[PDB]
Structure formats: structure tokens, C-alpha cells
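Undergrad: Just one file: start.pdb, with PDB, C-alpha atoms and all ligand atoms.
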MODEL        1
ATOM      1  CA  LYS Y   1      26.666  25.172  78.170
ATOM      2  CA  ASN Y   2      30.184  26.556  77.629
ATOM      3  CA  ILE Y   3      32.936  24.729  75.731
ATOM      4  CA  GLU Y   4      35.302  25.067  78.696
ATOM      5  CA  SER Y   5      33.226  22.444  80.516
ATOM      6  CA  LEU Y   6      33.744  19.883  77.735
ATOM      7  CA  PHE Y   7      37.441  19.172  78.256
ATOM      8  CA  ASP Y   8      40.096  18.047  80.682
ATOM      9  CA  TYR Y   9      43.190  20.248  80.684
ATOM     10  CA  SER Y  10      46.872  19.393  80.823
ATOM     11  CA  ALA Y  11      48.906  20.924  83.639
ATOM     12  CA  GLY Y  12      50.426  23.258  81.034
ATOM     13  CA  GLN Y  13      47.101  24.459  79.625
ATOM     14  CA  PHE Y  14      45.554  24.918  83.064
ATOM     15  CA  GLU Y  15      48.501  26.842  84.495
ATOM     16  CA  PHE Y  16      48.862  29.069  81.436
ATOM     17  CA  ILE Y  17      45.235  30.197  81.681
ATOM     18  CA  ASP Y  18      45.684  30.801  85.413
ATOM     19  CA  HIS Y  19      48.775  32.923  84.689
ATOM     20  CA  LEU Y  20      47.028  34.849  81.909
ATOM     21  CA  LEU Y  21      44.185  35.830  84.237
ATOM     22  CA  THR Y  22      46.476  36.586  87.188
ATOM     23  CA  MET Y  23      48.733  38.740  84.993
ATOM     24  CA  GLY Y  24      45.650  40.539  83.707
ATOM     25  CA  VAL Y  25      44.721  41.416  87.286
ATOM     26  CA  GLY Y  26      48.160  42.822  88.057
ATOM     27  CA  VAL Y  27      48.297  44.923  84.891
ATOM     28  CA  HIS Y  28      44.925  46.567  85.529
ATOM     29  CA  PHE Y  29      45.524  47.400  89.191
ATOM     30  CA  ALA Y  30      49.023  48.635  88.365
ATOM     31  CA  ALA Y  31      47.516  50.941  85.734
ATOM     32  CA  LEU Y  32      44.872  52.002  88.263
ATOM     33  CA  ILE Y  33      47.575  53.545  90.440
ATOM     34  CA  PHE Y  34      49.027  55.374  87.446
ATOM     35  CA  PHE Y  35      45.677  56.884  86.454
ATOM     36  CA  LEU Y  36      45.030  57.863  90.075
ATOM     37  CA  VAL Y  37      48.236  59.850  90.520
ATOM     38  CA  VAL Y  38      48.100  61.549  87.092
ATOM     39  CA  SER Y  39      44.480  62.681  87.614
ATOM     40  CA  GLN Y  40      45.708  65.756  89.529
ATOM     41  CA  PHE Y  41      47.324  67.008  86.315
ATOM     42  CA  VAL Y  42      44.044  66.964  84.390
ATOM     43  CA  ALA Y  43      41.840  70.052  84.036
ATOM     44  CA  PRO Y  44      38.375  69.849  85.689
ATOM     45  CA  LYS Y  45      36.542  69.611  82.356
ATOM     46  CA  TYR Y  46      38.472  66.429  81.447
ATOM     47  CA  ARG Y  47      39.225  64.940  84.878
ATOM     48  CA  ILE Y  48      36.251  62.563  84.751
ATOM     49  CA  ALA Y  49      37.768  60.944  81.642
ATOM     50  CA  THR Y  50      40.721  59.889  83.793
ATOM     51  CA  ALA Y  51      38.444  58.855  86.668
ATOM     52  CA  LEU Y  52      36.549  56.556  84.296
ATOM     53  CA  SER Y  53      39.837  54.814  83.526
ATOM     54  CA  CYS Y  54      40.224  54.126  87.255
ATOM     55  CA  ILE Y  55      36.681  52.775  87.320
ATOM     56  CA  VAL Y  56      37.373  50.530  84.310
ATOM     57  CA  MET Y  57      40.635  49.265  85.823
ATOM     58  CA  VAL Y  58      38.972  48.027  89.011
ATOM     59  CA  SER Y  59      35.934  46.653  87.164
ATOM     60  CA  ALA Y  60      38.038  44.694  84.669
ATOM     61  CA  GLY Y  61      40.508  43.768  87.410
ATOM     62  CA  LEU Y  62      37.716  42.333  89.557
ATOM     63  CA  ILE Y  63      36.179  40.290  86.738
ATOM     64  CA  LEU Y  64      39.619  38.899  85.862
ATOM     65  CA  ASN Y  65      40.268  38.117  89.545
ATOM     66  CA  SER Y  66      36.870  36.440  89.754
ATOM     67  CA  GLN Y  67      37.564  34.357  86.635
ATOM     68  CA  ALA Y  68      40.941  33.250  88.022
ATOM     69  CA  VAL Y  69      39.481  32.048  91.313
ATOM     70  CA  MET Y  70      36.592  30.414  89.440
ATOM     71  CA  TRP Y  71      39.177  28.626  87.278
ATOM     72  CA  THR Y  72      41.035  27.177  90.267
ATOM     73  CA  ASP Y  73      37.762  26.360  92.079
ATOM     74  CA  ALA Y  74      36.306  24.406  89.167
ATOM     75  CA  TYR Y  75      39.298  22.212  88.331
ATOM     76  CA  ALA Y  76      41.499  19.795  90.268
ATOM     77  CA  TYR Y  77      44.442  17.638  89.241
ATOM     78  CA  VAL Y  78      43.018  14.122  88.961
ATOM     79  CA  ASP Y  79      44.625  11.094  87.270
ATOM     80  CA  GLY Y  80      47.128  13.137  85.272
ATOM     81  CA  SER Y  81      44.977  16.087  84.173
ATOM     82  CA  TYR Y  82      42.873  18.972  85.459
ATOM     83  CA  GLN Y  83      39.251  17.837  85.558
ATOM     84  CA  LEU Y  84      35.999  19.632  86.290
ATOM     85  CA  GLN Y  85      34.800  19.311  89.878
ATOM     86  CA  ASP Y  86      31.624  20.669  91.482
ATOM     87  CA  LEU Y  87      31.949  24.388  90.763
ATOM     88  CA  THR Y  88      31.719  25.769  87.241
ATOM     89  CA  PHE Y  89      33.634  28.152  85.006
ATOM     90  CA  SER Y  90      31.976  30.461  82.483
ATOM     91  CA  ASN Y  91      32.894  33.468  80.353
ATOM     92  CA  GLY Y  92      29.288  34.594  80.731
ATOM     93  CA  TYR Y  93      30.187  36.929  83.578
ATOM     94  CA  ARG Y  94      32.511  38.854  81.255
ATOM     95  CA  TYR Y  95      29.453  39.758  79.193
ATOM     96  CA  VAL Y  96      27.573  41.102  82.214
ATOM     97  CA  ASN Y  97      30.586  43.212  83.163
ATOM     98  CA  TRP Y  98      30.736  44.744  79.665
ATOM     99  CA  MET Y  99      27.298  46.252  80.349
ATOM    100  CA  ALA Y 100      29.127  48.625  82.696
ATOM    101  CA  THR Y 101      32.657  48.850  81.290
ATOM    102  CA  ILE Y 102      31.832  49.550  77.642
ATOM    103  CA  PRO Y 103      29.681  52.595  78.473
ATOM    104  CA  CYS Y 104      32.606  53.858  80.590
ATOM    105  CA  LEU Y 105      35.069  53.439  77.729
ATOM    106  CA  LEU Y 106      32.697  55.289  75.390
ATOM    107  CA  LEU Y 107      31.988  58.096  77.853
ATOM    108  CA  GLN Y 108      35.633  59.033  78.410
ATOM    109  CA  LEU Y 109      36.039  59.263  74.628
ATOM    110  CA  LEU Y 110      33.102  61.670  74.315
ATOM    111  CA  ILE Y 111      34.578  63.792  77.101
ATOM    112  CA  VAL Y 112      37.986  64.317  75.452
ATOM    113  CA  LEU Y 113      36.155  64.984  72.170
ATOM    114  CA  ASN Y 114      34.926  68.090  74.023
ATOM    115  CA  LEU Y 115      31.268  67.123  73.689
ATOM    116  CA  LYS Y 116      29.039  68.998  76.130
ATOM    117  CA  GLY Y 117      25.490  69.258  77.447
ATOM    118  CA  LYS Y 118      22.724  68.130  75.106
ATOM    119  CA  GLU Y 119      24.935  66.604  72.409
ATOM    120  CA  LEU Y 120      26.889  64.722  75.075
ATOM    121  CA  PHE Y 121      23.777  63.276  76.721
ATOM    122  CA  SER Y 122      22.116  62.297  73.432
ATOM    123  CA  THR Y 123      25.276  60.782  71.906
ATOM    124  CA  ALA Y 124      26.041  58.808  75.064
ATOM    125  CA  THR Y 125      22.466  57.546  75.191
ATOM    126  CA  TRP Y 126      22.522  56.253  71.616
ATOM    127  CA  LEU Y 127      25.982  54.762  72.124
ATOM    128  CA  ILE Y 128      25.014  52.953  75.314
ATOM    129  CA  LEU Y 129      21.810  51.597  73.755
ATOM    130  CA  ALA Y 130      23.804  50.298  70.787
ATOM    131  CA  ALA Y 131      26.426  48.729  73.079
ATOM    132  CA  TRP Y 132      23.805  47.079  75.287
ATOM    133  CA  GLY Y 133      22.085  45.631  72.223
ATOM    134  CA  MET Y 134      25.422  44.201  71.112
ATOM    135  CA  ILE Y 135      26.272  42.743  74.529
ATOM    136  CA  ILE Y 136      22.852  41.243  75.298
ATOM    137  CA  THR Y 137      22.462  39.548  71.912
ATOM    138  CA  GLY Y 138      26.033  38.296  72.179
ATOM    139  CA  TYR Y 139      25.343  36.978  75.676
ATOM    140  CA  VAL Y 140      22.322  35.062  74.411
ATOM    141  CA  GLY Y 141      24.367  33.748  71.489
ATOM    142  CA  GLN Y 142      27.150  32.216  73.580
ATOM    143  CA  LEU Y 143      24.550  30.245  75.555
ATOM    144  CA  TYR Y 144      24.427  28.023  72.459
ATOM    145  CA  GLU Y 145      28.146  27.659  71.755
ATOM    146  CA  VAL Y 146      27.938  23.956  72.638
ATOM    147  CA  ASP Y 147      24.318  23.047  71.874
ATOM    148  CA  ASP Y 148      23.568  25.046  68.720
ATOM    149  CA  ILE Y 149      26.416  26.563  66.675
ATOM    150  CA  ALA Y 150      23.932  27.815  64.075
ATOM    151  CA  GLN Y 151      22.115  29.798  66.756
ATOM    152  CA  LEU Y 152      25.421  31.164  68.045
ATOM    153  CA  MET Y 153      26.158  32.466  64.547
ATOM    154  CA  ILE Y 154      22.779  34.130  64.010
ATOM    155  CA  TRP Y 155      22.832  35.910  67.368
ATOM    156  CA  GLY Y 156      26.400  36.913  66.548
ATOM    157  CA  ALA Y 157      25.204  38.403  63.269
ATOM    158  CA  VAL Y 158      22.640  40.532  65.081
ATOM    159  CA  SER Y 159      25.254  41.497  67.662
ATOM    160  CA  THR Y 160      27.678  42.496  64.906
ATOM    161  CA  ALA Y 161      25.008  44.793  63.430
ATOM    162  CA  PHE Y 162      24.827  46.720  66.715
ATOM    163  CA  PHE Y 163      28.640  46.649  66.794
ATOM    164  CA  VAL Y 164      28.969  48.194  63.339
ATOM    165  CA  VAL Y 165      26.347  50.861  64.057
ATOM    166  CA  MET Y 166      28.052  51.686  67.356
ATOM    167  CA  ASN Y 167      31.387  52.058  65.565
ATOM    168  CA  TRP Y 168      29.776  54.321  62.976
ATOM    169  CA  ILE Y 169      28.528  56.672  65.688
ATOM    170  CA  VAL Y 170      31.979  56.717  67.282
ATOM    171  CA  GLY Y 171      33.803  57.323  63.991
ATOM    172  CA  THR Y 172      31.364  60.041  62.976
ATOM    173  CA  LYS Y 173      31.823  61.884  66.286
ATOM    174  CA  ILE Y 174      35.613  61.480  66.233
ATOM    175  CA  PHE Y 175      36.227  62.713  62.687
ATOM    176  CA  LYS Y 176      33.697  65.533  63.103
ATOM    177  CA  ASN Y 177      34.940  66.878  66.458
ATOM    178  CA  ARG Y 178      38.604  66.252  65.678
ATOM    179  CA  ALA Y 179      39.011  69.929  64.741
ATOM    180  CA  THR Y 180      37.939  71.146  68.200
ATOM    181  CA  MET Y 181      40.842  69.408  69.909
ATOM    182  CA  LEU Y 182      43.910  71.161  71.256
ATOM    183  CA  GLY Y 183      47.646  70.614  71.612
ATOM    184  CA  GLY Y 184      47.860  68.400  68.547
ATOM    185  CA  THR Y 185      45.476  65.799  69.963
ATOM    186  CA  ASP Y 186      43.452  66.086  66.752
ATOM    187  CA  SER Y 187      46.116  63.767  65.345
ATOM    188  CA  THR Y 188      46.187  61.537  68.423
ATOM    189  CA  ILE Y 189      42.435  60.905  68.575
ATOM    190  CA  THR Y 190      42.600  59.373  65.084
ATOM    191  CA  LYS Y 191      44.956  56.639  66.308
ATOM    192  CA  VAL Y 192      42.556  56.065  69.198
ATOM    193  CA  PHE Y 193      39.762  55.283  66.724
ATOM    194  CA  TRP Y 194      41.908  52.718  64.922
ATOM    195  CA  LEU Y 195      43.059  51.248  68.230
ATOM    196  CA  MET Y 196      39.386  50.711  69.123
ATOM    197  CA  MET Y 197      38.580  49.133  65.754
ATOM    198  CA  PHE Y 198      41.433  46.669  66.144
ATOM    199  CA  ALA Y 199      41.069  45.828  69.840
ATOM    200  CA  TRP Y 200      37.274  45.556  70.042
ATOM    201  CA  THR Y 201      37.191  43.232  67.011
ATOM    202  CA  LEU Y 202      39.198  40.635  68.955
ATOM    203  CA  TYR Y 203      36.113  39.937  71.075
ATOM    204  CA  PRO Y 204      33.870  38.602  68.309
ATOM    205  CA  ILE Y 205      36.834  36.492  67.150
ATOM    206  CA  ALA Y 206      36.979  34.937  70.616
ATOM    207  CA  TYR Y 207      33.195  34.502  70.406
ATOM    208  CA  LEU Y 208      33.546  32.374  67.268
ATOM    209  CA  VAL Y 209      36.274  30.122  68.701
ATOM    210  CA  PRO Y 210      33.772  27.342  69.504
ATOM    211  CA  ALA Y 211      32.955  27.315  65.776
ATOM    212  CA  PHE Y 212      36.464  26.934  64.330
ATOM    213  CA  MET Y 213      38.440  25.423  67.209
ATOM    214  CA  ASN Y 214      36.262  23.382  69.543
ATOM    215  CA  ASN Y 215      38.963  21.834  71.715
ATOM    216  CA  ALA Y 216      41.058  22.540  74.817
ATOM    217  CA  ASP Y 217      43.589  24.497  72.743
ATOM    218  CA  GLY Y 218      40.728  26.660  71.473
ATOM    219  CA  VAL Y 219      39.832  27.378  75.102
ATOM    220  CA  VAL Y 220      43.401  28.584  75.655
ATOM    221  CA  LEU Y 221      43.220  30.690  72.481
ATOM    222  CA  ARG Y 222      40.050  32.452  73.634
ATOM    223  CA  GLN Y 223      41.564  33.426  76.990
ATOM    224  CA  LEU Y 224      44.670  34.631  75.163
ATOM    225  CA  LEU Y 225      42.539  36.773  72.834
ATOM    226  CA  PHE Y 226      40.610  38.250  75.789
ATOM    227  CA  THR Y 227      43.934  39.136  77.434
ATOM    228  CA  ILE Y 228      45.300  40.923  74.367
ATOM    229  CA  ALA Y 229      41.940  42.638  73.875
ATOM    230  CA  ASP Y 230      41.438  43.669  77.517
ATOM    231  CA  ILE Y 231      44.906  45.198  77.791
ATOM    232  CA  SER Y 232      44.544  46.996  74.439
ATOM    233  CA  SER Y 233      40.942  48.192  74.837
ATOM    234  CA  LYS Y 234      41.159  49.301  78.459
ATOM    235  CA  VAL Y 235      44.778  49.915  79.462
ATOM    236  CA  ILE Y 236      46.503  51.184  76.295
ATOM    237  CA  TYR Y 237      43.283  52.982  75.357
ATOM    238  CA  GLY Y 238      43.021  54.558  78.815
ATOM    239  CA  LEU Y 239      46.632  55.701  78.597
ATOM    240  CA  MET Y 240      45.937  57.452  75.292
ATOM    241  CA  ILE Y 241      42.736  59.066  76.563
ATOM    242  CA  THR Y 242      44.613  60.344  79.626
ATOM    243  CA  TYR Y 243      47.460  61.614  77.461
ATOM    244  CA  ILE Y 244      44.903  63.460  75.318
ATOM    245  CA  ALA Y 245      43.230  64.864  78.448
ATOM    246  CA  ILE Y 246      46.522  66.162  79.870
ATOM    247  CA  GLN Y 247      47.710  67.625  76.577
ATOM    248  CA  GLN Y 248      44.430  69.477  76.053
ATOM    249  CA  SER Y 249      44.467  70.639  79.676
ATOM    250  CA  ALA Y 250      47.902  72.197  79.222
ATOM    251  CA  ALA Y 251      46.838  73.827  75.955
ATOM    252  CA  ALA Y 252      43.813  75.302  77.737
ATOM    253  CA  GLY Y 253      46.084  76.870  80.353
ATOM    254  CA  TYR Y 254      45.759  74.379  83.211
ATOM    255  CA  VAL Y 255      48.975  75.044  85.137
ATOM    256  CA  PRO Y 256      49.413  71.612  86.788
ATOM    257  CA  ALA Y 257      49.140  70.011  83.326
ATOM    258  CA  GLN Y 258      51.735  72.409  81.921
ATOM    259  CA  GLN Y 259      54.037  71.705  84.862
ATOM    260  CA  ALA Y 260      53.533  67.939  84.502
ATOM    261  CA  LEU Y 261      54.451  67.885  80.813
ATOM    262  CA  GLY Y 262      57.386  70.128  81.699
ATOM    263  CA  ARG Y 263      58.958  67.523  83.984
ATOM    264  CA  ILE Y 264      58.973  65.041  81.094
TER
HETATM  265  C1  LIG Q 301      36.598  46.098  77.765
HETATM  266  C2  LIG Q 301      35.707  45.183  77.062
HETATM  267  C3  LIG Q 301      35.331  45.432  75.799
HETATM  268  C4  LIG Q 301      35.836  46.645  75.069
HETATM  269  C5  LIG Q 301      34.442  44.473  75.126
HETATM  270  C6  LIG Q 301      33.995  44.664  73.886
HETATM  271  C7  LIG Q 301      33.144  43.608  73.351
HETATM  272  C8  LIG Q 301      32.738  43.543  72.078
HETATM  273  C9  LIG Q 301      33.126  44.575  71.056
HETATM  274  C10 LIG Q 301      31.910  42.389  71.704
HETATM  275  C11 LIG Q 301      31.342  42.234  70.506
HETATM  276  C12 LIG Q 301      30.524  41.055  70.100
HETATM  277  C13 LIG Q 301      30.245  40.975  68.787
HETATM  278  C14 LIG Q 301      30.473  42.175  67.914
HETATM  279  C15 LIG Q 301      29.728  39.723  68.112
HETATM  280  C16 LIG Q 301      29.743  38.542  69.064
HETATM  281  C17 LIG Q 301      29.145  38.977  70.388
HETATM  282  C18 LIG Q 301      30.047  39.984  71.084
HETATM  283  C19 LIG Q 301      29.241  40.579  72.238
HETATM  284  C20 LIG Q 301      31.243  39.208  71.629
HETATM  285  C1  LIG Q 302      49.098  44.023  74.294
HETATM  286  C2  LIG Q 302      49.506  42.561  74.170
HETATM  287  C3  LIG Q 302      49.436  41.848  75.515
HETATM  288  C4  LIG Q 302      49.908  40.402  75.396
HETATM  289  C5  LIG Q 302      49.515  39.593  76.625
HETATM  290  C6  LIG Q 302      49.877  38.118  76.477
HETATM  291  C7  LIG Q 302      51.275  37.816  77.009
HETATM  292  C8  LIG Q 302      51.570  36.317  76.989
HETATM  293  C9  LIG Q 302      51.162  35.745  75.652
HETATM  294  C10 LIG Q 302      51.407  34.335  75.301
HETATM  295  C11 LIG Q 302      52.775  33.856  74.878
HETATM  296  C12 LIG Q 302      52.646  32.473  74.242
HETATM  297  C13 LIG Q 302      52.631  31.396  75.317
HETATM  298  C14 LIG Q 302      52.809  29.999  74.736
HETATM  299  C15 LIG Q 302      51.522  29.187  74.844
HETATM  300  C16 LIG Q 302      51.813  27.744  75.248
HETATM  301  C17 LIG Q 302      50.648  26.823  74.898
HETATM  302  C18 LIG Q 302      50.158  26.090  76.127
HETATM  303  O1  LIG Q 302      50.962  25.547  76.914
HETATM  304  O2  LIG Q 302      48.935  26.004  76.368
HETATM  305 CL    CL Q 303      38.556  73.040  83.025
HETATM  306 CL    CL Q 304      35.361  44.292  81.524
ENDMDL
END
How does this structure look as C-alpha cells?
TA:
Amino acid sequence: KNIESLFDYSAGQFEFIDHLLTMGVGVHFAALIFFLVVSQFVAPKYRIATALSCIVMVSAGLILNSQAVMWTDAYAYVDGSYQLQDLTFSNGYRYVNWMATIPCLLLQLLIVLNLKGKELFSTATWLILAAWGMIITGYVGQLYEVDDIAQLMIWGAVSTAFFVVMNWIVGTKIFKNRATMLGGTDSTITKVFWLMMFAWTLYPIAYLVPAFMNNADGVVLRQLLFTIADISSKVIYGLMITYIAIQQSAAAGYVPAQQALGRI
């Protein structure tokens, strides 16, 4: 049902996708160790924001690892090209993983925005419901990326509606609570919003690849887009969230945070 299954791949195409996925694994688990060691410099009220980055790193790292092994399982070099064997490859499992990772990315944002109690629970709930609507409708849509391009587009339209509403909630919370943030992170959190807008929008572009580039090179392009997007939306994002957590911790008088920023 996926366009990946339609084509044979040259040695170059096959190996590049393998390297993209493998590199993705290394980047996330490398970042995992960074987030782990810096967590001790975060104040208790923000420390879960940094923990969520660890959780996202392993989750994304495992799905990338799984995709890489699925890639090598499904294809073998036969008569001059990599051809599909018995096992299959699908991006569908990425969608399932987003059901967990996207709420995590949203939650660590709400935390450094200094949301608490009732407002935190209610905002998270609406955000997660919007994200799940986006992901599920998108998942259904990509089931038709070979059989029914029209259906892919309509489901994508519905998914985009959830996407836009989700982004509106995020933007509204960011620009409203910006004033509550310490140590100059009121400026930093604004760049985080724009980072999210840019990075998350790469995913629907990858989703539409079967519509404007239905060939083996399009398959390479989609994996390349995912790689750029994953690194930007999880790793660079996580690094900025953690920076914001540490900076606000120091400004609130957390001594290990103050000492940490003092060494650098
Ligand atoms: C770490 C993974 C992330 C941040 C994934 C984000 C995914 C999206 C923003 C996906 C959005 C989609 C649309 C807006 C339309 C097409 C269907 C989706 C699900 C690909
Ligand atoms: C934050 C950005 C992260 C970027 C991660 C991607 C790094 C490698 C990117 C690709 C370089 C271009 C490789 C050339 C493609 C060759 C085409 C092919 O052989 O299939
Ligand atoms: Cl605290
Ligand atoms: Cl993920």
C-alpha cells in the first residue's frame, strides 16, 4: 500500500537511505546522553521537561532503528538492484510512534511556559486530542498513497485542520505566557515557536511526496525530509527547551543551574 514497495532501488539509493536512518539513530542516542547529564542542573519544577527529551530521544531512536532493520530485511541485491523480498517496509509505524512522541514534545513546552495545575492539565488535554486527530487522520490518509491519491489528499486536508488548530493553541499559549518567563527566555521561547512551525511542516510535505514525485527518488526525498524534520523537531527543539529550563532555573535561584552556566 506504500510507494516504497513499488520500486527497485539502486545500490546508491538503498545505501543512502540506510545511512540516513542509521545516522538518525546515532544522533538521537548521542543527544540522549547529553540530556541525561544536564538534567541535574535543572530545577525540580522544570526537570521533567528535560526528562521528556530523554524519553523522546529513545522513542525516536527506536523507531529509526526499527525502520533501518526493516529496510535491510525487506530488500536484497538481486540482478543489479535492491529488490523487495518477503518482509515489508512501511512508514506507517512512524505514525503510531507520533501518538506518543508528539504529546511529549508538547508537554515539555507547556512546562517551561510555567503552566501549572488546572491550566496545564486542560491545555495538555486539548493539545493531545488535537495532535491525535491529526495523526490518526494522516495515518488513514497514507493508506491510500498508492491506491487513491484523491483520498490521500482529502484525509490530509482534515489532518491539516487539526494541525492548524493545534498550532493556534500552541502559539496562543506561547505569546500569552511569554511574559512569565525568566532569564531572558521570553525572547528564546519565540524562536522555539518558529522552529516548531518550520520543522513540523516538513512532515505534511513528506506526506504529499507520493502525489508530486511517485518514484524511487521521491522515496529517497521523503526519508531525507523525515531526517531533517526529526533532528529539528526533537533534537534541536529539545536542546532549546533544556536551555530555557536551565536558564529559568538559574534565574529562580537554583544553585546547580547557576554553577552550570558559570562554567560556560
Ligand atoms: C517528532 C515527530 C513529529 C514532530 C511529527 C509531526 C507530524 C506532523 C506535524 C504531521 C502532520 C500531518 C499533516 C499536518 C498532514 C498530513 C498528515 C500528517 C500526519 C503527516
Ligand atoms: C538539521 C539538518 C540535518 C540534515 C541531515 C541530513 C544530512 C545528509 C543530507 C543529504 C546530503 C545529500 C546527499 C546526496 C544524495 C544523493 C542521491 C542518491 O544517491 O540517492
Ligand atoms: Cl523548583
Ligand atoms: Cl517519533
Undergrad: Could you check which of Y:221, Y:63, Y:52, Y:255 is closest to ligand LIG 302 (chain Q), using only C-alpha atoms and all ligand atoms?
TA: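 Using only C-alpha atoms and all ligand atoms, ligand LIG 302 (chain Q) sits closest to Y:221.
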Undergrad: Taking only C-alpha atoms into account, which of Y:188, Y:85, Y:167, Y:172 comes nearest residue 131 in chain Y?
TA: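 The answer is Y:167, which sits nearest to residue 131 in chain Y.
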Undergrad: Please give me, as JSON, numbers by chain, the residues lying within 9 Å of ligand CL 304 (chain Q) when counting only C-alpha atoms and all ligand atoms.
TA: {"Y": [56, 57, 59, 60, 61, 62, 63, 64, 94, 95, 96, 97, 98, 99, 100, 101, 102, 230, 234]}
Undergrad: Have a look at CA of residue 42 in chain Y and CA of residue 58 in chain Y and let me know their distance in Å, one decimal.
TA: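 So the two atoms, CA of residue 42 in chain Y and CA of residue 58 in chain Y, lie 20.1 Å apart.
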Undergrad: Give the residue list for ligand LIG 302 (chain Q) at 10 Å, counting only C-alpha atoms and all ligand atoms, as a PyMOL selection string, sorted by chain and then by residue number.
TA: chain Y and resi 9-17+19-21+23-24+27+199+216-221+223-233+235-236
Undergrad: Counting all atoms listed in the file, which of Y:112, Y:130, Y:196, Y:136 gets nearest to ligand CL 303 (chain Q)?
TA: Y:112
Undergrad: List as a Markdown table every residue of chain Y that is in contact with ligand CL 303 (chain Q), defined as an atom at most 9 Å from one of its atoms (using only C-alpha atoms and all ligand atoms), together with the nearest atom pair and the distance in Å rounded to one decimal, sorted by chain and then rising number.
TA:
| residue | atom | partner | partner_atom | distance |
| --- | --- | --- | --- | --- |
| Y:42 | CA | Q:CL303 | CL | 8.3 |
| Y:43 | CA | Q:CL303 | CL | 4.6 |
| Y:44 | CA | Q:CL303 | CL | 4.2 |
| Y:45 | CA | Q:CL303 | CL | 4.0 |
| Y:46 | CA | Q:CL303 | CL | 6.8 |
| Y:47 | CA | Q:CL303 | CL | 8.3 |
| Y:249 | CA | Q:CL303 | CL | 7.2 |
| Y:252 | CA | Q:CL303 | CL | 7.8 |
| Y:253 | CA | Q:CL303 | CL | 8.9 |
| Y:254 | CA | Q:CL303 | CL | 7.3 |
Undergrad: What is the CA of residue 260 in chain Y-CA of residue 38 in chain Y distance in Å, reported with one decimal?
TA: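 Atom-to-atom, CA of residue 260 in chain Y to CA of residue 38 in chain Y, that is 8.8 Å.
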Undergrad: CA of residue 133 in chain Y to atom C14 of ligand LIG 301 (chain Q): how many Å, to one decimal?
TA: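 Taking CA of residue 133 in chain Y and atom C14 of ligand LIG 301 (chain Q), their separation equals 10.0 Å.
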